[PDB]
RNA sequence: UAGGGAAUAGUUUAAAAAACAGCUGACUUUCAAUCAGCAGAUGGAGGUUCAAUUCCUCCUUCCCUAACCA
RNA sequence: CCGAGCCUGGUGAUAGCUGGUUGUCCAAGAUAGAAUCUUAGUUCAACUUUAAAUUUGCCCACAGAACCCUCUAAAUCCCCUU
RNA sequence: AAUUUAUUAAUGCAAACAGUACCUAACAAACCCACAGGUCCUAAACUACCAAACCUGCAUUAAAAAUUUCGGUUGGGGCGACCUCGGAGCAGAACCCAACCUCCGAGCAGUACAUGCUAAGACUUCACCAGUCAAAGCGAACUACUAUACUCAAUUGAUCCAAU
Ligand SMILES: [K+]
Ligand SMILES: [K+]
Ligand SMILES: [K+]
Ligand SMILES: [Mg+2]
Ligand SMILES: [Mg+2]
Ligand SMILES: [Mg+2]
Ligand SMILES: [Mg+2]
Ligand SMILES: [Mg+2]
Ligand SMILES: [Mg+2]
Ligand SMILES: [Mg+2]
Ligand SMILES: [Mg+2]
Ligand SMILES: [Mg+2]
Ligand SMILES: [Mg+2]
Ligand SMILES: [Mg+2]
Ligand SMILES: [Mg+2]
């Protein structure tokens with residue numbers, strides 16, 4: 001929006017009268033064009049799940065382009081009006097205490113999708129005798145797959161693993177979804193050696 | 001303030017960071033900022049990783065410090081090497097120092113203070129005509145004219161007044177070097193300083209004290225309150241990832 | 001219209017009163033320090049040149 | 001407050017003035033004695049040089065430089 | 001439709017100048033009418049619709065002098081007639 | 001005028017060095033080139049520091065950028 | 001009557017330029033200059049006209065007003081009296 | 001020639017509108033490990049690309065035009081010359097006095113730093129504007145540098161506005 005102001009003063013008209021406009025009062029200066037202003041975010045309440053944010057009832061501040069051109073037209077989100085906030089707020093209470101079941105958080109859904117399609121390379125050193133336990137296996141998610149897994153969540157095959165081979169790790173994400181990821185125990189190779197050996201070679 | 005250098009300083013400050021583990025039990029690292037802070041917990045955690053990742057109980061903790069070594073004024077400071085011994089020097093033994101002093105009583109003071117290589121023309125000629133390696137060099141003003149021969153050989157590593165390595169009193173760097181540990185500087189001058197602090201087996205409190213000593217040691221170059229000298233601190237073991245310490249309380 | 005041999009400068013009182021007067025000096029010579037009467041304090045005080053007004 | 005600060009500033013600046021004048025007066029006398037020294041020395045050296053060579057930038061520059069060196073050599077000894 | 005001074009200096013030439021709004025074709029859905037409309041709008045209209053929490057609220061809340069559109073007033077009569085009946 | 005930046009041998013650069021010029025010569029018919037030597041500098045002033053091109057300050061000259069309206 | 005048509009309107013365009021400006025009778029009444037895109041005009045002085053106030057105006061005796069330089073000019077200024 | 005780019009075209013930015021990819025140069029000196037490889041002497045940190053047009057706003061460069069003016073003096077005008085200020089002659093003796101008349105100059109410099117303040121009475125370039133000289137007084141200076149409105153002939157520029 002173009003906002004303008006007059007160069008010349010307009011004489012006061014008084015109460016109940018229209019201003020007397022000379023032709024000099026048509027000369028304007030551009031005060032501001034509001035399209036050049038810093039863009040503000042649009043506050044929406046989500047309905048379905050989206051990769052960025054997916055917790056139904058989560059107050060999200062998105063770019064006006066995203067909300068207007070995708071979320072709102074398709075119904076994935078609704079306006080954060082006082083009436084909508086009340087309805088979604090009430091539903092939250094029921095989920096916490098009522099019959100309504102609890103649902104993954106925004107990050108929980110992202111991890112579950114990643115955990116469904118990933119394989120862990122549990123690199124173990126040959127020299128030192130090693131026994132695989134939840135704590136050690138948890139460390140490899142951080143290093144290899146980049147997932148930060150709590151030690152208690154991991155459920156190992158319960159058979160002591162001291163030999164290179166394949167097994168299965170059952171990961172529980174926030175206590176609701178249990179994912180079983182393939183486990184590939186392999187001889188440990190240092191980061192520099194492994195990258196130079198294969199990544200550089202091929 | 002060159003755009004690239006100053007912009008990165010703004011960018012590194014921008015990197016978000018958070019306190020405490022997120023509510024979610026299992027969370028992708030990408031989804032949340034850096035979290036681990038406290039220096040005490042950091043050392044305790046580095047010991048934990050050593051057990052999980054089977055490795056030597058004693059490892060060099062190569063603390064890397066992204067210390068704002070620039071932007072005092074719009075003119076940036078320069079990289080130097082303030083050498084000071086930590087409260088508990090780790091078990092590494094380093095005693096490599098060359099002292100240039102010819103036909104002077106300083107020859108005695110040099111060796112008396114633990115000089116490894118002390119000599120005059122004979123020592124200077126040996127450096128030019130034959131290969132020899134020393135960690136740091138010192139020379140008295142009287143020998144600087146003769147020592148100029150090795151200026152080209154040492155590629156600006158020869159003694160300079162800027163590094164306080166030219167003076168009648170040699171023990172500035174000579175004496176403190178053996179117990180002292182050099183605060184080397186980056187080659188790219190990106191402001192990250194790789195400086196070992198302690199062995200992994202050193203007690204947390206001793207490593208914590210060793211950390212604080214360096215904080216004052218590093219600010220010695222520019223201890224002015226005009227420009228902040230410290231931005232981030234990554235305490236990493238030899239075979240572990242760096243952890244973002246909460247160094248703000250320990251800065252002053 | 002001719003070679004600029006002199007310049008006009010502002011002499012500021014050292015008494016802190018802020019009284020100023022303009023004097024002409026040679027461009028090449030050093031900054032003037034003069035003993036000039038200051039009306040605010042009503043006695044002669046040392047003045048020191050601070051700025052160059054214009055070229056004469 | 002503004003009035004009190006201005007009067008205090010003037011009073012302080014005016015208590016130092018008596019000594020300032022003494023220093024200024026001495027500088028004038030010192031400058032009078034320095035100009036005489038220059039008037040004498042520069043003229044003699046420059047005049048003799050000009051008479052010999054050419055009956056004068058090069059010669060003047062030399063004498064205007066060596067004299068400075070002599071003063072510096074004394075400062076180096078200090 | 002107005003005038004301007006060249007270089008924003010009153011002592012310079014006075015020139016004619018027209019400032020036009022940036023126009024966009026967007027699709028909106030009306031709950032009361034259960035129909036989608038492709039309408040030319042400005043970024044201001046989109047902001048006003050967001051502040052009203054939907055097209056229907058914007059059409060019903062906005063007075064005639066602020067809508068400044070015969071089509072907008074036709075939508076209002078349509079929406080009001082469905083609510084009245 | 002305004003701030004920013006800059007000032008090194010006669011000249012142009014470097015972190016107190018090299019290159020050219022001046023070259024004193026040698027050698028080329030002549031001259032260039034080439035070889036070996038020799039002279040050569042930290043704009044000016046003041047101060048700190050044992051020591052300041054390398055810390056600071058004022059002034060001169062020049063550049064840059066923006067003025068240079070009435 | 002095209003160096004850019006014609007008509008109406010703005011329009012009683014503007015013109016320091018030219019022309020014109022209507023009954024009777026009497027009276028006073030001519031002229032240093034300055035500035036100005038100003039010298040075909042203006043504004044201020046000067047002159048001129050009317051009314052009012054109160055007091056000198058004009059004509060002029062002595063005495064008096066420069067050296068430097070050549071015409072040692074005709075004269076002027078000042079000025080009581082009358 | 002001065003002023004201008006609204007208009008037209010081009011270019012840049014913003015506005016508007018998709019997503020796409022997330023980065024590898026060991027090497028054991030010693031020791032371990034049947035291998036494949038590991039322990040020590042660092043295995044950190046770090047996201048980067050990035051949406052064609054039309055339209056709208058703001059800039060820049062062009063094109064094509066628009067608006068307005070084109071000083072005076074002058075033995076007619078043009079050309080040449082001249083245009084403000086001071087000294088001398090013409091103008092012999094109070095003042096004043098012209099020519100595209102006759103001659104010479106000025107657009108500073110130097111010394112002070114009370115070239116501080118204030119105030120009777122006067123002069124005046126024929127108006128106005130501007131310009132000029134000043135007793136006393138205040139404050140200084142002073143113990144006789146022809147001293148307290150510097151020397152100098154002209155040595156210069158109104159109002160608005162701008163900088164402070
Ligand atoms: K006229
Ligand atoms: K006629
Ligand atoms: K004639
Ligand atoms: Mg016709
Ligand atoms: Mg008419
Ligand atoms: Mg008559
Ligand atoms: Mg004029
Ligand atoms: Mg006339
Ligand atoms: Mg009489
Ligand atoms: Mg003109
Ligand atoms: Mg004419
Ligand atoms: Mg003629
Ligand atoms: Mg002419
Ligand atoms: Mg007069
Ligand atoms: Mg007097």
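Cβ sites come from the backbone with ideal geometry, for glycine too, and all protein chains shown count toward neighbours. We did not get these values from a lab; they are worked out from the coordinates using the rules stated.
Quick look at the numbers
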| quantity | calculated |
| --- | --- |
| Hits in region C:36-56 - residues which are away from RNA strand F (no atom under 15 Å from the Cβ) and surrounded by 13 or more Cβ atoms within 10 Å (Cβ to Cβ) | C:36, C:37, C:38, C:40, C:41, C:44, C:45, C:46, C:47 |
| Any hit, region B:201-210, residues being within 14 Å of RNA strand H (Cβ to nearest atom) and over 18 Å from the mean Cα position of the chain (by Cα) | yes |
| Count of residues meeting criterion [exposed (fewer than 14 other Cβ atoms within 10 Å of the Cβ), farther than 27 Å from residue D:15 by Cα and away from chain D (no Cβ under 14 Å)] in region C:9-35 | 4 |
| Filter result for the condition that a residue is in contact with a helix residue (DSSP H, G or I) (Cβ under 9 Å, 6 or more places away or on another chain) and farther than 25 Å from residue C:39 by Cα, over D:36, D:68, D:64 | D:64 |
| Yes/no for residue A:101 being over 22 Å from the mean Cα position of the chain (by Cα) and either in a loop (DSSP other than H, G, I, E, B) or within 8 Å of another protein chain (Cβ to nearest Cβ) (or both) | no |
| Top-ranked residue in region A:147-178 [being more than 9 Å from chain B (Cβ to nearest Cβ) and outside any loop (DSSP other than H, G, I, E, B); ranked as farthest from residue A:105 (Cα to Cα)] | A:166 |
| Region B:1-45, residues that are in a helix (DSSP H, G or I) and within 20 Å of residue A:175 (Cα to Cα) | B:29, B:31 |
| Subset of region B:192-203 (residues that are farther than 20 Å from residue B:232 by Cα and surrounded by fewer than 17 Cβ atoms within 10 Å (Cβ to Cβ)) | B:201, B:203 |
| Of all residues in region A:6-40 being touching a strand residue (DSSP E or B) at 6+ places or on another chain (Cβ under 8 Å) and away from chain E (no Cβ under 11 Å), the one that is surrounded by the fewest Cβ atoms within 10 Å (Cβ to Cβ) | A:31 |
| Residue in region A:73-81 that is closer than 27 Å to residue E:47 by Cβ, within 14 Å of chain E (Cβ to nearest Cβ) and part of a helix (DSSP H, G or I) present | yes |
| Flag for residue C:5 being over 26 Å from residue D:6 (Cα atoms) and within 7 Å of RNA strand H (Cβ to nearest atom) | yes |
| Of all residues in region B:121-158 being assigned to a loop (DSSP other than H, G, I, E, B) and touching a helix residue (DSSP H, G or I) at 6+ places or on another chain (Cβ under 7 Å), the one that is nearest to residue B:184 (Cα to Cα) | B:136 |
| Residue in region B:135-156 that is away from RNA strand F (no atom under 16 Å from the Cβ), more than 14 Å from chain D (Cβ to nearest Cβ) and in contact with a strand residue (DSSP E or B) (Cβ under 6 Å, 6 or more places away or on another chain) present | no |
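Rundown of residues vs (1) surrounded by 15 or more Cβ atoms within 10 Å (Cβ to Cβ); (2) farther than 30 Å from residue B:56 by Cβ; (3) out of contact with any strand residue (DSSP E or B) (no Cβ under 7 Å at 6 or more places or on another chain), yes/no style:
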position	(1), (2), (3)
B:102	yes, yes, yes
B:108	no, yes, yes
B:169	no, yes, yes
B:173	yes, yes, no
